[PDB]
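1. Sharing an experimental structure here, sequence included.
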Amino acid sequence: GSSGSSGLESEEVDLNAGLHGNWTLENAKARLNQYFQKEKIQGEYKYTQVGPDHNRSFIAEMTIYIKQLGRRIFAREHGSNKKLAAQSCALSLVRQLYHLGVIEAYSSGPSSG
């Protein structure tokens, strides 16, 4: 494994990308951890393995309470592995946070190139 020492963007972004939200499978997993660091909240994914051990997939689920709204949000999703499952779960919390107005559309530009 490896990574860069800094990140930058100098590219343009569409106006409709602020209406659909730039939250992706990985940028949502980051944004849910950012929400937990800013609010002093903690959350861990509940997993369930499905299928036979020679050909399996994983379900992942999470539920969190929002003290700034007075309610909670829940998700349950699945991938071919725990990473894909938790990625799909995170995007399902983050797109409910965006729908309820706890967050806005992400600043990262189009994935088309």
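-> On my side now, so go ahead. Numbering: from 1, shown residues only.

2. Please list all residues in contact with residue 45.
-> Residue 45 sits next to 60-62, 82, 85-86, 89 when contact means CB atoms under 8 Å, 6 or more residues apart in numbering. C-betas here are computed from N, CA, C, even on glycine.

3. Tell me the most packed of the residues you listed, by neighbour count.
-> In terms of neighbours by other CB atoms under 10 Å, the contacts of residue 45 top out with residue 89 at 27 neighbours.

4. for residue 2, what are its contacts?
-> Neighbours of residue 2 in contact, by CB under 8 Å, 6+ apart: none.

5. For residue 92, the count of nearby residues, please.
-> 19.

6. Please apply the same query to residue 59.
-> 18.

7. how about the contacts of residue 45, which pair is most distant?
-> Farthest pair in these (CB to CB) is 62 and 82. Separation: 12.8 Å.

8. Please write out the alpha-carbon positions of the lengthiest helix in the chain in PDB.
-> Using DSSP state H, we find that the single longest helix of the chain is helix 82-100. Below are the C-alpha coordinates for helix 82-100, written out as PDB (Å, rounded to 0.1, in the frame of the first residue of the first chain):
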ATOM      1  CA  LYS A  82     -16.600  -6.200   3.700                       C
ATOM      2  CA  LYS A  83     -15.000  -3.100   2.100                       C
ATOM      3  CA  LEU A  84     -17.600  -2.800  -0.700                       C
ATOM      4  CA  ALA A  85     -20.400  -3.600   1.800                       C
ATOM      5  CA  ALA A  86     -19.200  -0.800   4.300                       C
ATOM      6  CA  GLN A  87     -18.600   1.600   1.300                       C
ATOM      7  CA  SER A  88     -22.300   1.100   0.200                       C
ATOM      8  CA  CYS A  89     -23.500   1.400   3.800                       C
ATOM      9  CA  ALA A  90     -21.500   4.700   4.300                       C
ATOM     10  CA  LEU A  91     -22.900   6.200   1.100                       C
ATOM     11  CA  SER A  92     -26.400   5.200   2.300                       C
ATOM     12  CA  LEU A  93     -25.900   7.200   5.600                       C
ATOM     13  CA  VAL A  94     -24.100  10.100   3.900                       C
ATOM     14  CA  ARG A  95     -27.000  10.500   1.200                       C
ATOM     15  CA  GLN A  96     -29.500  10.600   4.100                       C
ATOM     16  CA  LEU A  97     -27.400  13.300   5.900                       C
ATOM     17  CA  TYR A  98     -27.400  15.200   2.600                       C
ATOM     18  CA  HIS A  99     -31.200  14.700   2.100                       C
ATOM     19  CA  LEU A 100     -31.900  15.900   5.800                       C
END
